[PDB]
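One chain comes next, on its own, written out as structure tokens in the form deposited in one PDB entry.
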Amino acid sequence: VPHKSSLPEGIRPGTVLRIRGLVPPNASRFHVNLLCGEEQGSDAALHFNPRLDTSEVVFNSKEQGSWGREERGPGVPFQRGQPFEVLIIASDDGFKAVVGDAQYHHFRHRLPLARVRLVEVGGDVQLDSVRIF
């Protein structure tokens, strides 16, 4: 079952999302989604998708039911059997993804930051905590 953090006021430049958890021993992939509503199939301002089985981290957006063009970060800073800490930092121009205290990828906004209403974490991850500062 996915974890959901409701943000009915939305988020602004200066919003910090900290996601901690464990990648379990046989994990295929997991995701952190910044969604614009609570309906299934809602728009995704950010889809952050570490894929352990393919050794890729995919970034994408979803807009009226259709996915955009994927972006990929450099390699995969996640491992089966290892805990992680991800920061997703909203600024005026995009999201900064920090993994293991290292700046990892910058994802330019494709949807207005103001439309975000929900953070959802799902897939093969054993969640420690999601915090929004």
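So that there is no doubt, residue numbering starts at 1 and follows the sequence shown.
Although it is not shown, the form solved in complex with a small molecule is what the next lines describe.
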| message | Since only the chain is shown here, I'm wondering whether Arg51 would be in contact with the small molecule in the deposited bound form (any heavy atom pair within 4.5 Å). | response | yes
| query | Going by a heavy atom distance of 4.5 Å, is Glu70 a contact of the small molecule in the deposited bound form? | reply | yes
| said: So in the deposited bound form, is the small molecule close enough to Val58 to count as touching (4.5 Å, heavy atoms)? | reply: yes
| in the deposited bound form, which of the stretches 75-83, 101-109, 88-96, 41-49 has residues with heavy atoms within 4.5 Å of the small molecule? | 41-49
